[PDB]
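Coordinates in review
What follows is the residue order along each chain.
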Amino acid sequence: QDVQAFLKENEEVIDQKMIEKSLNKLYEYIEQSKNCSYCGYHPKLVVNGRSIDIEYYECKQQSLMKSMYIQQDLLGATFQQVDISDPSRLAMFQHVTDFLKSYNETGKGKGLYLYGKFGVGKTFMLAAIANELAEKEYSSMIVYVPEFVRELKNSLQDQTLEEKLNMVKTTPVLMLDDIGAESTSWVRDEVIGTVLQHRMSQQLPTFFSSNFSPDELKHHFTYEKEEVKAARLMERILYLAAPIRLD
Amino acid sequence: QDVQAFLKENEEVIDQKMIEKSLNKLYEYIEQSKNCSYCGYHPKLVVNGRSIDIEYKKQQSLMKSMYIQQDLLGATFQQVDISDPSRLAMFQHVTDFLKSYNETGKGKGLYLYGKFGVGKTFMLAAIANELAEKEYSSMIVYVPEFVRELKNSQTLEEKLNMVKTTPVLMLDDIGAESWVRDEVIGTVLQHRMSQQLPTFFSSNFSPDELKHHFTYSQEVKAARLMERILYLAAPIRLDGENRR
Amino acid sequence: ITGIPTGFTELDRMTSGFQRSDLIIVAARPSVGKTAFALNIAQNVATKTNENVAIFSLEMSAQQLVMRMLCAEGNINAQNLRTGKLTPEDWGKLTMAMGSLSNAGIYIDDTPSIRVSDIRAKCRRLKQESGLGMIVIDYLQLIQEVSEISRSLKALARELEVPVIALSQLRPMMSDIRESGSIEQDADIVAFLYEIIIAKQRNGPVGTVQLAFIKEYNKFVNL
C-alpha cells in the first residue's frame, strides 16, 4: 500500500518502464507475505542501479564441518526437526535413506530437485545431508553458487580460485546451489563445464538445488548458438539429478 | 487517466511493473465492450503468475443471481426475529458500516456457520436487500449446485466470472457431491483480497468441520481453502430451535 | 543527425542520417502497428530546427491522424482526446501538443488515389513552398500496380535535395514486400516493424533493435 502511494507521488519522476522491467519483482513482492510469523524479516523494495530488488529487514562435527563461501550458522538442521503437513518436506525423508544404501564407495547414481518459491529454505533442508555425513569421517559440503561469481572475475591473474576448487572437487556428496537469477556468462565453459567432468572422469553422484526449474534452468543463462551452449554442459546436470515436486 | 483509475483499483493485486507489463491487456480490456449480449460473456481481469490476463420491491431488479430459485430472495429486517447469539452478536458488525461502504479499502463480511436447518441463509438474503436499498449486482448462490455443470466440458474456459469480484457475494450452502478446487475457488478467493473486496458466507457445517472434511489423500490443500474464507471476517455462532 | 535527423539517438549513432538523397521503405506490419512510428520519425524533427517537413496520409483523411501526434506530444490520450468534452481535468498537458507543432512548417495530406508524378510536379513547387528536411509519404502498398512506385521513389530524394520516406503494408523480412512490389534494386535501406530491421547499406551499421511501448500515449523507448 505504501508503494502505491509513493509510486503515484513520484510517478512523474519514476515513470513506468523500470516498473515494467521490474514487474516480476514488484508482483512477487506483493504476492508474498508482507508480514512475518515472528510477529523473522519482512520484504522491502530497494533501488539498485537500474533494477529494483527485494531486501529483507529484520522484524562430533564442528571442526570437521568447514563449509566454504557459507557460514556455520547455516548448518544446524536435521530431519527430525522437519515438519510434514506440507507436500514437500517428506519427499526428502524417503529420498536420502535409499542413498544411504545403493552406494558403498563409488555409485554414480541419482540426485534431488528442490526448485520454485522463496520460503522453504533449500539450504536448511540441504543443511541436513550436510549435517549427518559428518558423524563419519567424510562429508556432504555446502558452498553457495553466486560466490563463484562474487570473488571470481576480478582475480583471473592465473590460478587464485582455479586452485582452491581443486580440492572442493574431491568430496563425494558435494551439493550445488542457486543456479538461476543469482549467477554473468563467462563462467560456464571454464568452471561449471569443468565442474561435472573430473568427478565423472571416474563417475560419481552430484547434486543441484536452487530456485529456477529444470525445463527452465537450461534457459536462464544465455545472458540458436546460445541456447545450445546452454544444452551440453547442462546435459550433465539434468543427466545427474531427479526432481522433487512442490505440490 | 483510465490507467490511473485501474492502477489504484487493483493496486493491492498489481505490482506496479506488472501493470506496465500487462498494459496492453488492461488497455485492451477497457477499450472493448465491458458488457455482453445475453443481457454472452463479459471480460474480467485475472492475475496469472507475473502477467495479467483477460478472462470471460423496486429494489430487486438489475441483480444477477446464479443457480437459484426465482422468488425466494425476498427478505427484510423488521420481519427477521432477534433471538440468541444467532441474532444479538451480529447486528454489531452489520450496522457499524451501513451507508459507509468503500471500494479502495477492504470491508468486513461474515461467515454464518452452524447446524442443518435453523437459519443459515436468512442473514445473507435479508442484507441482500440492504444491498437493494442501494442496489448492487449482489450475487446469491448454491455451492452444492456449483461443482457439477462446471466440471462439464462445450463451454468451460470462463464460467465463474460472476463468482469472483462482484460488489457483493452472499454464498449459501456447500453440502453435496488435493481437490478439484485449488485452481478454482482457491484462486477465486485470491481476487477477493487484492482488488479491494469483501464477501458473504453461510453453509451447513463449520470452520473446524470443513477443514477436517476438504481434500483427502493417501497435503494441506484442505487447510488453505478455508482461511481464504476466514480472513476478511471473524465467524460467529447460530443457535435456536428448528425450522421445519 | 548529419544530416536532418532519422528517428532515435541510438538509431542516430547507428546508421547515421538522414543524409543527402535516399529512398527509404519501412515495411510495416499489420496487427502489431505502424501508427506511432510516424509519431517518432517526424514528430520532433519539425519542432526544433528549421528544416521543416510534410505528412502524406492518403487513404484516410489527414485529420483523423491529428489525434495521433498531439495526443503524443502533449501526452494526453486517456480521458479521452478523440470524442468531445473531457472531465474538468484532462485540459492539463495541452501546452505541449500544438505548442510546438505550429512554429515549424507542415503540409498534412489526403489527396486522391495518387500516382507518383504528383510528388514530381508537387515537389517542384513544395521544395519552393515549404522548408524541407524529410518528405513523409504513405506506405508503399496503395499508390499505383505497386512495384512501379518504389522504382521512381529513389530519384525523389535526389530532386528536392532531401531524403524521402515511403513505408509499406506487405516476419518481417525483405521478401514480403516482394509478394507485392519490386524494391530491392531501387530502395537501398530497408528498415522494418515487427523490430526496425535496418538490414541494408554501405555506410556500415546494421542491427537488430526493437523498442518498448506504452500505448496510453503511443510512446517509443530506447536504451
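Procedures and definitions
- Residues numbered from 1 in each chain as written, not as in the entry; some residues may be left out.
- Chains lettered and ligands numbered in written order.
- Part of a larger assembly, values for the part shown.
- Heavy atoms only, no water.
- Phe/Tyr/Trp six-rings, centres within 6.5 Å; stacked < 30°, edge-to-face > 60°.
- Helix = DSSP H or I, 4+ residues; strand = E, 2+ residues; numbered from the N terminus.
- Buried < 20%, exposed > 50% of the residue type's maximum accessible area, 1.4 Å probe, protein only.
- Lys NZ or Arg CZ within 6 Å of the ring centre and 35° of its normal.
- Contact = heavy atoms within 4.5 Å.
- Buried area = accessible area lost by both parts, 1.4 Å probe.
- Salt bridge = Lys/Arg side-chain N within 4 Å of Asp/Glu carboxyl O.
- Nonpolar A, V, L, I, M, F, W, Y, C, P; charged D, E, K, R; others polar.
- Pairing = 2+ DSSP bridges.
- Axes fitted to C-alpha atoms, helices over the stretch in contact; angles between N-to-C directions.
- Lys, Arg positive; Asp, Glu negative; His and termini not counted.
- UniProt positions renumbered as here; feature names shortened; annotations may be inferred.
- Polar contact = N/O pair within 3.5 Å; in protein donor to acceptor, adjacent residues only side chain to side chain.
- Core = buried A, V, L, I, M, F, W, Y, C linked by side-chain atoms within 4.5 Å.

Structure determination for this entry, per the PDB record, employed X-ray crystallography and reached 6.10 Å resolution.

Side note on the packing of aromatic side chains
Applying the stated criterion across every chain yields a total of 14 aromatic pairs over all chains. A centroid spacing of 5.6 Å and a plane angle of 85° characterise the contact between A:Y69 and A:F148, whose relative ring orientation is edge-to-face. Of the two residues, A:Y69 sits in the loop between β2 (51-58) and α5 (89-97) while A:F148 sits in the loop between β3 (112-113) and β4 (175-176), which places them 79 residues apart along the sequence. Relative accessible area serves as the criterion here: at 18%, A:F148 is assigned to the buried category. Members of the aromatic cluster, joined through ring pairs, are B:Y111, B:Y113 and B:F201. Lying over the aromatic face of A:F118, A:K122 brings its terminal NZ or CZ to 5.9 Å of the ring centre.

Focus on the interface of chain C and chain B
With 8 residues of chain C at the contact, the number on the chain B side is 6 residues. Together chain C and chain B conceal approximately 620 Å² of surface at their shared face, both sides included; 44% is due to carbon and sulfur atoms. For the chain C face of the interface with chain B, the top three residues by lost area are C:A78, C:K215 and C:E216, together amounting to 58%. For the pair chain C and chain B, the number of links is 0 salt bridges. Residues that form the side of chain C that touches chain B fall into these classes: 3 nonpolar, 2 polar and 3 charged.

A few points about the sheet that holds strand β3 (residues 110-112) of chain B
Residue and element names in this part refer to chain B. If you trace the 4 strands from one edge of the open sheet to the other, you get β3-β6-β5-β4, paired in parallel fashion. Two strands in the sheet have a free side with no partner beyond their single neighbour: β3 and β4 (139-142). Pairs of neighbouring strands in the sheet enclose a mean axial angle of 15°, with direction left out of account.

Focus: the side chain of C:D176
Among the secondary structure elements, C:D176 is positioned in the loop between β6 (164-166) and β7 (192-193). The charged side chain of C:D176 is buried without a salt bridge, its nearest counter-charge being C:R171 at 4.1 Å.

Topic: the UniProt feature "active site" in chain C
All names here are of chain C. When the UniProt feature table is mapped onto this chain, "active site" is found at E59. As for its placement among the helices and strands, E59 is situated in the loop between β3 (55-56) and β4 (108-109). Its relative accessible area of 65% is what places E59 among the exposed residues. The contact partners of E59, leaving out residues within four places of it in the chain, are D138, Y139 and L142.

Considering unusual backbone geometry
Here the bond from C:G17 into C:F18 is cis, since omega is 0°, no more than 30 degrees from zero. Its place among the elements puts C:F18 in the segment before β1 (23-24). Along the chain, C:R171 connects to C:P172 via a cis peptide bond; the corresponding omega equals -10°. In the Ramachandran plot, A:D15 falls in the positive-phi region, its phi being about 100° despite a non-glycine side chain. Position of A:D15 among the secondary structure elements: in the loop between α2 (11-14) and α3 (17-21).

Description of the environment of C:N52
Residues and elements named next belong to chain C. For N52, the location among the structural elements is in the loop between α1 (35-38) and β3. In this structure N52 comes out as buried when scored by relative accessible area, which is 5%. Sequence separation between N52 and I4 is 48 residues, and the spatial gap between their C-alpha atoms is 9.5 Å. If sequence neighbours within four positions are ignored, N52 has contacts with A46, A104, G105, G131, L132, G133 and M134. A distance of 2.9 Å separates the side chain of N52 from the side chain of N50, its partner in a polar contact.

Comments concerning the nonpolar core
All names here are of chain C. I119, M134, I135, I137, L153, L156 and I165 are the most contacted members of the largest nonpolar core, which has 60 residues in total. Elements with a minimum of two residues in this core: β1, β2 (27-28), α1, β3, β5 (135-137), β6 and β7. The residues touching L153, leaving out its near neighbours within four places in the chain, are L23, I137, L140, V164 and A166.

Thoughts on the interface of chain A and chain B
Across the contact, 25 residues belong to chain A and 23 residues belong to chain B. Both sides together, the interface formed by chain A and chain B hides about 2,000 Å², and carbon and sulfur atoms give 50% of it. At the junction of chain A and chain B, the tally comes to 3 salt bridges. With a closest N to O distance of 3.9 Å, A:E28 and B:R50 form a salt bridge.

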